[PDB]
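>>> based on what follows, work out the 3D shape:
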Amino acid sequence: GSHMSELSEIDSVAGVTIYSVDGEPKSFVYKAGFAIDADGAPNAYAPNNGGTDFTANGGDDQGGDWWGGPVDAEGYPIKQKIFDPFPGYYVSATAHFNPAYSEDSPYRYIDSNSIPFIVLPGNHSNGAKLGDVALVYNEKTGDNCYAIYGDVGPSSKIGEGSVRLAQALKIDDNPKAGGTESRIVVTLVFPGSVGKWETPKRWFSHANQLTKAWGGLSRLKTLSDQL
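Numbering: from 1, shown residues only. There you are, the coordinates:
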């Protein structure tokens, strides 16, 4: 156990209070549910409901409003090539991206299947920039994982992250029926910590260094009981 933390409200979304954690390093925290964001997974979306998510959860794939990823000049989703992970599936995008790759490439986006990432609500980043790191904890399983701020969600919803983060937290990772509405996940974000794409080894190390400086899981576990 650790001492309790001193908390100062900075925001509120969907009945979830977001608190700055007084002290250094600078951080904010919230306790929320955990919806599955399959964005960036190269098998999330395909024609005829072929992906791990239903196609329509990315929008209309017949030239209408498609938000799941990039589109061609006639508005249809880009299909992956023979050198992409899932040829013929659609390219699924995340807000955070790797500039080494082109807009039409799955490799530009953060693969939800492999990378632990959190989503923050649009207009509710609270000073965090895409690529910043976080420590995430599930109070019902005792599991934790470092993660990046990797995607942007609806402004009216909070508590969401990647397939791999769900696995690490022992939350059902299925895009179609997984996640949880129970407010069991505590997310500690370090705004200003990275703010760019870098290798997972590098950002994970930086998350580890910030977490050690901040007081570790022991402090976050105690903090969770305050939320």
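>>> starting at the chain centroid, how far to stretch 30-42?
In terms of Cα atoms, centre = their mean, to the nearest Å, the centre of stretch 30-42 is set 5 Å apart from its chain centre.
>>> whoops, I mixed them up, stretch 21-33
Counting by Cα atoms, centre = their mean, stretch 21-33 is centred 16 Å from the centre of its parent chain.
>>> what's the span of that stretch, first residue to last?
20 Å (Cα to Cα, to the nearest Å).
>>> same deal with stretch 80-87?
Stretch 80-87 has an end-to-end distance of 5 Å (Cα to Cα).
>>> and what of stretch 50-62?
Stretch 50-62: ends 15 Å apart by Cα to Cα.
>>> which residues sit against it?
Outside of stretch 50-62, the residues within contact range by Cβ atoms under 8 Å, 6 or more residues apart in numbering are 38, 41, 43-49, 65-69, 76-77, 89-90, 92, 174-176. C-beta: built from backbone N, CA, C; applies to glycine.
>>> go again with 10 Å.
36-39, 41-49, 65-69, 71, 75-77, 86, 88-90, 92-93, 112-113, 163, 173-176 (Cβ atoms under 10 Å, 6 or more residues apart in numbering).
>>> among those residues, which ones are buried?
36-39, 41-46, 66, 68-69, 71, 76-77, 86, 89-90, 92-93, 112-113, 163, 173, 175 (16 or more other Cβ atoms under 10 Å).
>>> and the residues you listed, which of them are in strands?
Judged by DSSP state E, the subset of the buried ones among the contacts of stretch 50-62 located in strands is 36, 37.
>>> return the subset of the buried ones among the contacts of stretch 50-62 lying in helices.
residue 163 (DSSP state H).
>>> look up how far residue 197 lies from residue 108.
10 Å (Cβ to Cβ, to the nearest Å).
>>> which ones are touching the spatially closest residue to residue 165 that is not a sequence neighbour?
Nearest non-adjacent residue to residue 165, counting by Cβ to Cβ, 6 or more residues apart in numbering: residue 116, 4.0 Å away. Contact analysis of residue 116 by Cβ under 10 Å, 6+ apart lists 110, 134, 136, 145-148, 150, 161-169, 200, 204, 207.
>>> likewise residue 181?
32, 33, 34, 35, 159.
>>> and of these, the nearest to residue 186?
Distance to residue 186 across the contacts of residue 181 (Cβ to Cβ) is lowest for residue 32, with 8.3 Å.
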